[PDB]
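Enquirer: Once you've had a glance at the structure underneath, I'll fire off some questions.
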Amino acid sequence: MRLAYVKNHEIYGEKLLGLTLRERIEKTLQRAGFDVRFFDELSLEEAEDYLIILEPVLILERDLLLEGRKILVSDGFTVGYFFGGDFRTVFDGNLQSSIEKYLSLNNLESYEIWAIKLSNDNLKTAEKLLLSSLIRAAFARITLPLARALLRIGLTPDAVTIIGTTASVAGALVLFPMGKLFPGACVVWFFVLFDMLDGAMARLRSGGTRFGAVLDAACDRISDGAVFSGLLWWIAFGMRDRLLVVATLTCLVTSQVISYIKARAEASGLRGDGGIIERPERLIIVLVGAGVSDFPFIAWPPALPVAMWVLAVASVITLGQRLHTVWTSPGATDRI
Amino acid sequence: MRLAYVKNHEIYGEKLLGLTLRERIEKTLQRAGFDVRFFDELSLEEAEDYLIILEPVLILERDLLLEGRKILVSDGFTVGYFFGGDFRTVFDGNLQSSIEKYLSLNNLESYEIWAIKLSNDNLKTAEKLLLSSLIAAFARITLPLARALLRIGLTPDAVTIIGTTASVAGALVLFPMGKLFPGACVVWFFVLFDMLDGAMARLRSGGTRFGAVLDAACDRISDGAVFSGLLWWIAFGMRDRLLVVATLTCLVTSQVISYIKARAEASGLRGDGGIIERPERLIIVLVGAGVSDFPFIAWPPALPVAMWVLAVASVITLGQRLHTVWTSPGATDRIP
Ligand SMILES: CCCCCCCC/C=C/CCCCCCCC(=O)OC[C@H](O)CO
Ligand SMILES: Nc1ccn([C@@H]2O[C@H](COP(=O)(O)O)[C@@H](O)[C@H]2O)c(=O)n1
Ligand SMILES: O=P([O-])([O-])O[C@H]1[C@@H](O)[C@H](O)[C@@H](O)[C@H](O)[C@@H]1O
Ligand code: NA
Ligand code: NA
Ligand code: NA
Ligand code: NA
């Protein structure tokens, strides 16, 4: 029983891509389980949650998971508030004063919602953004507080890159050779996410650098190499499995070369992206295989070879596919 | 609207250094701003200038600066005629008589062009002269090799892939068996074989960007295969684990060293340099393995010193290139 009180605006009457923004916001809010009430003077009906939207907005995210007590924002503009039913016990009639009292009386967090504030002179951007949205949100909502905190405590994006890469190589090269595949997989995954935090951090500094991007990518390569090298050490000298080291060497080399194809193609002004296995799928397959092979109490060892062999084949295919991208890029076959 | 009318000849179908003489003269004339039309009986379309080439000819000049009314010649042989559009008002159907009437009606000048008229019994001399126009031990052994490989229908990319495949096969067949000296010899030979592809591309009046990307990716696959075969032998043949950490370092760091330069150039920065580059890498490792397995005088310590040196030299290199990326223009500028 959640109520969504939306303040009326003349711009809601405007139609965007065949539907009125008033209908568009009504449908998005309803999809999120809200009973929608457009209002001019706020009349609070008894409910468990109150989503109060005061500024005209077009919500671009399909799944709106609202919880706690939050302040909804987008691109720095405060769009609305997510209060509890206890707000009814404070609301006296003046919405500004009631909101200020509720904010002073409670602990609230900001909630970045994928949305844009509407005006008479910005509907082209709203149409473009709705089309982009129709053709991640929670990823941003969990990433931005983390990046904010890391910046506040004095860490720079490149520093976080180095820390995540160093910690991931340390976990891979200490835990994997010892046979501790499950804790190694967990530590490596944690610090791979940590390394990926630098992009959000740089976006919060009004922009990153080209060196920072090159460093992030080279560190990705060092981290992948370390994962596969620790796994290779274990498989070769711990399990004493020669076929599986053939698969591991293939995975190592082809992952390096798969990333290198895209880098070098872009260096030549061509494209080289795509493929079945990219770095996220690569890491997931190999780390899940290792973890399942060493899972506590109910370990299934054949998960390690399977993941390794599958990946290997999927890497070889990928290496070809990316080459095809390079082949099909404009200007790739010019005699220049 | 300049039209070049070239009389069709059977000889134009022959290939000289990978390209047909038809395509070669077509590209040469198009570079000079002509739309090329091959003909048997002349049917004059309205145009600004007319370049009529009746005898089968190989044009050896890159830049053709044609203006006014000229008669193209070489060594006394009449190569072509450069008339104005007014020739359209004189052409009566018989091309020889029309050409003679147009010459009688105008004052023309000779234009000495570097070209050779083709016949069935002078294509060897024509190929030699084309090679001179397009172009150490490289001249006497590499260029004949490229001419030969092109003659039998092989393309530059074909030689790239074949040389890389042969080198990978040598590395992965000979090295794991402990045949380090024969492996070093085979790998060195087929590295040179792969490097023949550049001469082949230069002889086809230009390579491609895809060809360059492929050459680089194949270099990476070759490095990976060399170090993987050596790692296999060292791990299961010599059973030397310290040397396997050194070899793993060499493998990974060679891949990442190349990736750094590629990625920096993708970002518009520089990333080259370092003490140990791919030629020095190959020389050190291939010489160390060969000396360790040399017949009569095999000296085992050459493989570990070459590897450890290499390892230490690679890590440093990886740092140096990163510093290059840091110090390139615009590397640390903020991207709004
Ligand atoms: C797409 C290109 C990928 C390129 C990278 C692929 C990496 C593959 C690694 C192969 C290891 C070689 C295995 C060779 C089998 C060795 C057989 C043998 O004779 O082993 C004897 C042993 O060393 C003493 O007991
Ligand atoms: N497959 C191909 C096609 C063209 N090329 C050309 O040859 C150049 C390098 O020559 P080498 O292979 O002899 O080093 C490349 O940068 C490119 O211009 C090539 O190396 N391989
Ligand atoms: O941005 P970047 O790191 O240069 O490019 C990388 C990513 O685009 C992709 O997600 C990853 O899976 C590939 O390995 C690729 O190399
Ligand atoms: Na990063
Ligand atoms: Na940076
Ligand atoms: Na990274
Ligand atoms: Na090559």
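Ligands are numbered from 1 in the order shown, residues from 1 within each chain, and chains are lettered A, B, ... in the order they appear in the structure tokens.
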Neighbouring residues of residue 103 (chain B) were defined as those with any atom within 10 Å, considering only C-alpha atoms; residues of the same chain fewer than 2 positions away were excluded. Please report them as a list in words.
Expert: residues 69, 70, 71, 81, 83, 87, 97, 98, 99, 100, 101, 105, 106, 107 and 108 of chain B
Enquirer: Give me, as a ChimeraX atom specification, the residues of chain A touching chain B, with the criterion being at most 9 Å (counting only C-alpha atoms).
Expert: /A:203,206-215,217-219,221-222,225-226,229,233,236-237,242,245-246,249-250,252-254,256-270,323,326-327,329,331-336
Enquirer: With only C-alpha atoms and all ligand atoms counted, collect every polymer residue having an atom within 7 Å of ligand 4; state the result as a PyMOL selection string.
Expert: chain A and resi 157-158+160-161+195-199+216
Enquirer: What does the file look like for those residues with N, CA and C atoms, as an mmCIF file, in the first residue's frame?
Expert:
```cif
data_model
loop_
_atom_site.group_PDB
_atom_site.id
_atom_site.type_symbol
_atom_site.label_atom_id
_atom_site.label_comp_id
_atom_site.auth_asym_id
_atom_site.auth_seq_id
_atom_site.Cartn_x
_atom_site.Cartn_y
_atom_site.Cartn_z
ATOM 1 N N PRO A 157 41.255 7.915 -8.430
ATOM 2 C CA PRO A 157 40.886 6.792 -9.312
ATOM 3 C C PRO A 157 42.049 5.885 -9.672
ATOM 4 N N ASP A 158 43.180 6.444 -10.120
ATOM 5 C CA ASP A 158 44.331 5.599 -10.444
ATOM 6 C C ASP A 158 44.848 4.865 -9.215
ATOM 7 N N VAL A 160 43.008 3.737 -6.806
ATOM 8 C CA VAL A 160 42.090 2.618 -6.619
ATOM 9 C C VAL A 160 42.350 1.536 -7.658
ATOM 10 N N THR A 161 42.671 1.934 -8.888
ATOM 11 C CA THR A 161 43.090 0.960 -9.891
ATOM 12 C C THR A 161 44.266 0.137 -9.388
ATOM 13 N N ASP A 195 38.674 -2.589 -8.435
ATOM 14 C CA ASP A 195 39.385 -1.930 -9.531
ATOM 15 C C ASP A 195 38.418 -1.216 -10.468
ATOM 16 N N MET A 196 37.267 -1.830 -10.750
ATOM 17 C CA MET A 196 36.312 -1.202 -11.660
ATOM 18 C C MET A 196 35.674 0.057 -11.078
ATOM 19 N N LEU A 197 35.788 0.269 -9.766
ATOM 20 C CA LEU A 197 35.252 1.489 -9.146
ATOM 21 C C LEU A 197 35.873 2.805 -9.658
ATOM 22 N N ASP A 198 37.057 2.758 -10.284
ATOM 23 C CA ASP A 198 37.749 4.006 -10.610
ATOM 24 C C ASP A 198 37.000 4.835 -11.646
ATOM 25 N N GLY A 199 36.239 4.198 -12.537
ATOM 26 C CA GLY A 199 35.514 4.966 -13.537
ATOM 27 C C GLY A 199 34.459 5.865 -12.921
ATOM 28 N N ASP A 216 44.093 1.616 -16.317
ATOM 29 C CA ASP A 216 43.037 0.673 -15.959
ATOM 30 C C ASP A 216 43.059 -0.549 -16.866
#
```
Enquirer: Hey, what's within 8 Å of residue 285 (chain A) if we count only C-alpha atoms and toss same-chain stuff fewer than 4 positions away? As an MDAnalysis selection string, please?
Expert: chainID A and resid 281 289 307:308 311
Enquirer: Please produce a file of those selected residues containing N, CA, C and O atoms, as a PDB file, in the first residue's frame.
Expert:
```
ATOM      1  N   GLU A 281      32.670 -12.067 -18.862  1.00  0.00           N
ATOM      2  CA  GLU A 281      32.281 -13.467 -18.995  1.00  0.00           C
ATOM      3  C   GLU A 281      33.463 -14.392 -18.738  1.00  0.00           C
ATOM      4  O   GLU A 281      33.313 -15.437 -18.098  1.00  0.00           O
ATOM      5  N   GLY A 289      34.067 -21.632 -12.055  1.00  0.00           N
ATOM      6  CA  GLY A 289      34.596 -22.983 -12.162  1.00  0.00           C
ATOM      7  C   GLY A 289      35.521 -23.330 -11.011  1.00  0.00           C
ATOM      8  O   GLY A 289      35.382 -24.381 -10.379  1.00  0.00           O
ATOM      9  N   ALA A 307      34.907 -25.423 -17.043  1.00  0.00           N
ATOM     10  CA  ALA A 307      35.053 -23.983 -17.213  1.00  0.00           C
ATOM     11  C   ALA A 307      36.293 -23.652 -18.026  1.00  0.00           C
ATOM     12  O   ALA A 307      36.244 -22.818 -18.937  1.00  0.00           O
ATOM     13  N   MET A 308      37.405 -24.334 -17.743  1.00  0.00           N
ATOM     14  CA  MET A 308      38.641 -24.015 -18.446  1.00  0.00           C
ATOM     15  C   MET A 308      38.537 -24.394 -19.915  1.00  0.00           C
ATOM     16  O   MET A 308      38.968 -23.631 -20.788  1.00  0.00           O
ATOM     17  N   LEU A 311      35.758 -22.189 -21.803  1.00  0.00           N
ATOM     18  CA  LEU A 311      36.373 -20.880 -21.993  1.00  0.00           C
ATOM     19  C   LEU A 311      37.397 -20.915 -23.118  1.00  0.00           C
ATOM     20  O   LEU A 311      37.353 -20.091 -24.042  1.00  0.00           O
TER      21      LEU A 311
END
```
Enquirer: With distances taken over only C-alpha atoms, which residue among B:113, B:32, B:302, B:289 lies nearest residue 72 (chain B)?
Expert: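 Using only C-alpha atoms, the shortest distance to residue 72 (chain B) belongs to B:113.
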Enquirer: Using only C-alpha atoms, can you tell me which of A:123, A:137, A:239, A:144 comes closest to residue 176 (chain A)?
Expert: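 For residue 176 (chain A), the nearest of the candidates is A:239.
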Enquirer: Which of these residues is nearest to residue 120 (chain A), using only C-alpha atoms: A:295, A:27, A:6, A:56?
Expert: A:56
